[PDB]
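Because the Cβ atoms are built from the backbone with ideal geometry, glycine has one as well, and the counts that use them run over all protein chains shown. A short reminder: the numbers here are calculations on the coordinates, not readings from a lab.
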Amino acid sequence: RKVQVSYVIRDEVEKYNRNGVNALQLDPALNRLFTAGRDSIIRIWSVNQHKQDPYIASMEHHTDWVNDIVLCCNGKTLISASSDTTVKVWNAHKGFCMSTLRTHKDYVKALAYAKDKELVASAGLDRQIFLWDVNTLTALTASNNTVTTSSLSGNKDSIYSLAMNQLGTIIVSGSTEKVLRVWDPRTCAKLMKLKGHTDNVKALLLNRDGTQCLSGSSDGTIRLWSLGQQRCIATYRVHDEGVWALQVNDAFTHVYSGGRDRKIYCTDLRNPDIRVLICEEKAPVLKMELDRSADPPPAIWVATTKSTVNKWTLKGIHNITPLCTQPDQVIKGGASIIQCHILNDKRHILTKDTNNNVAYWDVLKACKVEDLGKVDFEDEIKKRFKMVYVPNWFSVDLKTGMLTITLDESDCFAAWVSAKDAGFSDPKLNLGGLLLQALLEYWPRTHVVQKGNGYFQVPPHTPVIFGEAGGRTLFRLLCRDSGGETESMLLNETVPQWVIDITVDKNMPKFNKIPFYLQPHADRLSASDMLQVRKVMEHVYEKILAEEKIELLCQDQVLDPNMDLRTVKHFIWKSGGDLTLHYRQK
Amino acid sequence: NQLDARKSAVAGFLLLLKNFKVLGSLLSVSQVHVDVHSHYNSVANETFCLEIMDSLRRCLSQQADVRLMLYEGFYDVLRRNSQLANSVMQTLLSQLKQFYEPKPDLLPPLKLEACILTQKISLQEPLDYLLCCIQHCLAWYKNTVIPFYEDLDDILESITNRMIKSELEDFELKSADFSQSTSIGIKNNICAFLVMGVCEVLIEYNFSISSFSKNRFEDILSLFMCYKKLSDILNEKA
């Protein structure tokens with residue numbers, strides 16, 4: 001595939017989630033909560049009530065949604081699954097990624113964990129389920145980097161949920177097949193095909209011995225299964241909309257469910273009549289984590305599509321008006337950029353976030369210019385309109401709730417802008433070429449010593465990402481880390497030729513040429529797109545002081561002397577043929 | 001085990017070790033590689049490079065062609081990798097000990113018969129090329145890494161003085177056979193090249209050491225006469 005260069009405009013420290021939270025993991029030994037955010041960052045929080053600032057660390061190595069996390073090996077290792085098609089092993093005590101598993105071909109959505117055998121299974125949208133032993137994964141080194149793979153098979157559609165029992169002898173998969181497939185992880189042999197759900201299944205649970213299974217589905221029903229009898233022994237319909245999260249107690253008698261309806265219920269498995277409305281969240285519930293320090297669980301941690309994570313007490317369930325009205329403990333969350341507009345200069349962007357705040361950003365410098373508060377977003381676009389045209393040279397994606405700018409070979413070097421037109425004090429400048437040199441400024445291979453493009457500098461903490469177009473992430477690093485021995489060796493293998501040409505060879509990109517017709521108003525000419533109308537004015541003057549005597553026209557409209565041909569072709573011309581200009585004496 | 005393929009391996013390591021200061025990385029049906037995010041270790045690289053040099057040291061016992069590449073390559077390797085400088089000198093000094101007579105009064109200074117393989121008489125050790133590599137590597141050592149070496153000058157000084165006072169008979173060489181067909185004639189011709197090559201190397205050595213001192217230059221002329229006289233006898237017969 002073709003390699004793309006992308007980077008994120010952000011702060012050095014993103015303390016709070018900038019998007020929803022997909023998964024939760026609670027560490028009872030250290031009293032730590034892990035949140036797998038949709039902003040591609042895993043964060044560690046102290047659940048101690050005393051701490052006014054629960055933030056501990058950010059585990060930032062993924063490049064897309066983090067879908068599932070499992071805390072294994074007595075809280076020393078964290079396994080994470082993500083939409084960037086990778087499974088990653090983390091050091092949960094220090095907070096750094098140890099290794100990356102690239103066996104999956106699509107989004108990885110589920111992680112199953114067996115505590116006794118330290119066995120972890122990863123399933124995703126590629127219909128594959130891989131089995132992993134954590135001890136083998138954690139023992140990997142630079143020389144020992146090979147692992148034997150045992151993959152379950154038989155599932156004909158994309159998996160959305162996965163579960164294993166405590167003893168590591170039963171594994172259940174939920175998918176859009178609307179059926180539950182059960183294997184034995186030890187022998188990798190198919191056991192049974194549970195049927196009865198009429199929609200996608202996103203939640204799965206099993207008891208300690210793996211004889212009963214709880215499943216919640218998008219059809220809005222919770223089904224209790226018996227693996228011995230291979231049948232659905234009970235069905236619970238307590239939700240108006242699809243059930244997305246399930247939690248059960250150690251006795252496997254009460255199930256906690258939440259979904260798109262934003263309501264969380266505690267239902268007794270022995271009798272579905274006993275139902276308790278725990279709370280009513282402000283967003284659809286994506287995942288829940290039970291506090292298992294005491295039996296019954298004192299509280300439950302709830303992750304929603306919002307950036308805020310709330311803890312709801314469960315004191316009085318066993319002792320509709322909701323049991324709780326305000327969460328006991330609240331983890332703060334940030335704002336997600338939801339709207340984006342690239343201005344006419346192809347250098348500044350107006351963004352609007354979930355807090356309705358509008359901000360002004362500089363793509364070239366990869367920084368924010370100013371906060372505009374809650375000003376109308378459409379009005380601010382009109383108040384900043386300029387009659388200039390620059391070709392597109394970058395793309396913006398907001399999948400992580402942050403500004404990620406992608407550079408592609410097709411149009412990275414399409415924008416030639418004069419220094420005077422930009423803020424740099426006129427020689428011609430290529431915006432894409434200047435940005436690439438600033439991104440790879442610390443790379444020793446780009447030194448011939450001067451560093452960078454010599455005009456501006458992106459913030460050192462800028463995450464630079466190299467990945468295949470519509471593919472996988474080849475290499476991710478910060479801007480300031482290019483000088484290291486490991487990064488430089490990795491950069492030599494990942495950086496494509498079209499970036500080497502400009503950042504290393506220091507070659508200059510092509511100059512786009514726009515031919516046009518000069519005819520007398522009542523001889524085809526080809527010129528640079530950046531050429532001003534004055535240059536065409538003086539050429540006619542020599543053909544027949546030039547500014548005063550000659551006025552150029554297009555579509556029976558006057559042309560500004562300082563306006564360039566590229567702008568004229570885009571706005572005034574409004575035609576699909578070669579730009580025609582008409583000259584007449586003033 | 002097959003020969004003529006270890007020669008290419010020696011060439012591969014030599015070219016790869018004289019050009020790159022950093023070497024080394026950062027399967028079955030169901031075996032996959034895992035991207036371990038481990039930082040580059042200098043200590044691991046040094047051990048990796050040292051192990052390769054230890055594998056090259058074991059090749060100094062092969063054919064004279066393989067020894068020739070290593071002598072030509074060790075100078076480039078020692079200039080690229082300064083951490084392997086100590087490995088080269090110990091490897092080079094040990095090889096010299098196999099042919100250097102450490103007795104301060106026995107002549108000749110070198111066992112020219114130990115460099116010859118008889119089975120057809122051929123050359124087993126290019127002793128003159130070994131001394132050339134030692135002299136150049138030592139000269140680079142004493143002018144680059146300082147800001148065994150104190151013993152290498154002592155040996156080279158010892159070879160210098162004893163070669164001059166050698167009567168040109170201790171090499172078993174005015175004209176014994178010097179033929180191109182007889183076994184003893186071929187051995188003498190091969191041994192004639194080694195002693196002339198040694199004289200050239202020591203002429204280069206005594207020029208730089210002690211700077212422009214008279215005594216060393218008198219030793220160069222006497223060393224040259226040793227080379228010139230044996231050059232004349234081989235030229236007139238052939």
Residues whose built amide H sits under 5 Å from the amide H of A:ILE171, excluding neighbours closer than 5 in sequence, are A:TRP183
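Averaged across orientations, what area in nm² does the convex hull of the alpha carbons in the stretch A:304-448 project? It would help to have the intermediate numbers written out before the result.
On the way: hull surface 58.5 nm².
Dividing the Cα hull surface by four gives the mean projection, 14.6 nm².
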How high is the relative contact order of the stretch A:213-290, given as a whole-number percent (alpha carbon pairs under 8 Å, six or more residues apart)?
-> 23 percent
For the stretch B:204-211, in residue order, the Karplus 3J(HN,Hα) values (coefficients 6.51, -1.76, 1.60; θ = phi - 60°; whole Hz; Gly and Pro = x) are 5, 5, 6, 5, 7, 5, 6, 6
The local net charge around A:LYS115, scoring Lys/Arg +1 and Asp/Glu -1 for residues other than A:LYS115 whose Cβ lies under 14 Å from its Cβ, equals -2
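Computed over the Cα atoms, what is the radius of gyration of the stretch A:220-270 divided by 2.2 N^0.38 Å, N being its residue count? Each step should come with its number before you reach the end.
Numbers: Rg = 11.2 Å, N = 51, 2.2 N^0.38 = 9.8 Å.
Relative to the 2.2 N^0.38 Å estimate, the stretch A:220-270 comes out at 1.14.
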Residue-wise HN-Hα coupling along the stretch A:296-310, computed from phi with Karplus coefficients 6.51, -1.76, 1.60 (Hz; x: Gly, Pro) = x, x, x, 8, 9, 9, 10, 10, 10, 6, 8, 7, 9, 10, 10
Expressed as a rounded percentage, what relative contact order does the stretch A:16-144 have, with Cα pairs under 8 Å and six or more residues apart?
-> 15 percent
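Can you work out the FRET efficiency for the pair A:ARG275 and A:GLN457, with r the C-beta to C-beta distance and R0 = 60 Å, to the nearest 0.05?
Details: r = 59 Å, r/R0 = 0.99.
With a Förster radius of 60 Å, E is 0.50.
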Packing-based order for A:567-573, B:176-182, using average beta carbon neighbours within 10 Å, highest first | A:567-573, B:176-182
In whole percent, the Cα-Cα distances of the stretch A:436-549 spread across 10 Å bins from 0 upward as 11, 31, 18, 14, 16, 9, 1
Per-residue mean of C-beta atoms belonging to partner chains within 10 Å, peptide B:28-34 = 6
Roughly what percent of Cα-Cα pairs across chain A reach past 38 Å?
-> 43 percent
Karplus-derived 3J(HN,Hα), 6.51/-1.76/1.60, for each residue of the stretch A:459-473, Hz, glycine and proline x = x, x, 7, 5, x, 9, 10, 10, x, 6, 4, x, x, 10, 7
Take every Cα-Cα distance within the stretch A:161-250, group them into 5 Å bins from 0 onward, and report for each bin the whole-number percent of pairs it holds.
-> 3, 16, 28, 27, 17, 7, 2, 0
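Applying a 10 Å radius around every beta-carbon, put A:441-447, B:219-225 in order of their mean neighbour count, most first. All intermediate terms of the calculation are to be shown ahead of the outcome.
Working: A:441-447: 18.4, B:219-225: 16.4.
Result, highest mean Cβ count within 10 Å first: A:441-447, B:219-225.
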Name the residues of the stretch A:143-180 whose amide N is less than 14 Å from a point 7 angstrom out from the Cα of A:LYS195 along the C-beta direction?
-> A:177-180
Label-point separation in nm, A:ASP126 to B:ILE209, each point 7 Å along Cα→Cβ | 6.5 nm
Write down, largest first, the equivalent ellipsoid semi-axes of the stretch A:254-368 in whole Å, where each equals the square root of 5 times an eigenvalue of the alpha-carbon gyration tensor.
-> 41, 13, 11
B:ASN1 versus A:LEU167: modelled label distance in nm, points set 7 Å from Cα along the beta carbon direction | 5.3 nm
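Restricting to the protein assembly as shown, what percent of DSSP beta bridges are antiparallel, rounded to 5? It would help to have the intermediate numbers written out before the result.
Numbers: 158 of 164 bridges.
Bridges in the protein assembly as shown that DSSP calls antiparallel: roughly 95 percent.
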Ranked by how many other beta carbons lie within 10 Å on average, peptides B:187-193, A:127-133 from highest | A:127-133, B:187-193
Gyration tensor on Cα atoms of the stretch A:1-135, a ≥ b ≥ c root eigenvalues, a/c under 1.5 rounded, else prolate if a/b beats b/c, else oblate, says oblate
Within the set A:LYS115/A:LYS190; A:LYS374/A:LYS420; A:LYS88/A:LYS117; A:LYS513/A:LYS543, which residue pairs have Cα atoms separated by over 28 Å?
-> A:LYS374/A:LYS420
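Rounded to the nearest 500 deg cm²/dmol, what is the calculated helix-only ellipticity per residue at 222 nm for chain A, with -39500 (n - 2.57) per DSSP H run of length n ≥ 4? Don't skip to the end; give the middle numbers.
Numbers: 8 runs with 59 residues, N = 586.
That comes out to -2500 deg cm²/dmol.
Using only alpha-carbon positions, what ratio does the radius of gyration of the stretch B:117-211 give when scaled by 2.2 N^0.38 Å? Display every interim value, and only then the final one.
Numbers: Rg = 15.9 Å, N = 95, 2.2 N^0.38 = 12.4 Å.
Relative to the rule-of-thumb radius for its length, the stretch B:117-211 sits at 1.28.
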Under the 7 Å Cα-to-Cβ spin-label approximation, A:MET387 and A:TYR55 lie apart by a distance in nanometres of 4.6 nm
Which part of the stretch B:119-133 falls in the paramagnetic zone of B:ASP177, meaning amide N under 15 Å from the point 7 Å along Cα-to-beta-carbon?
-> B:119-123
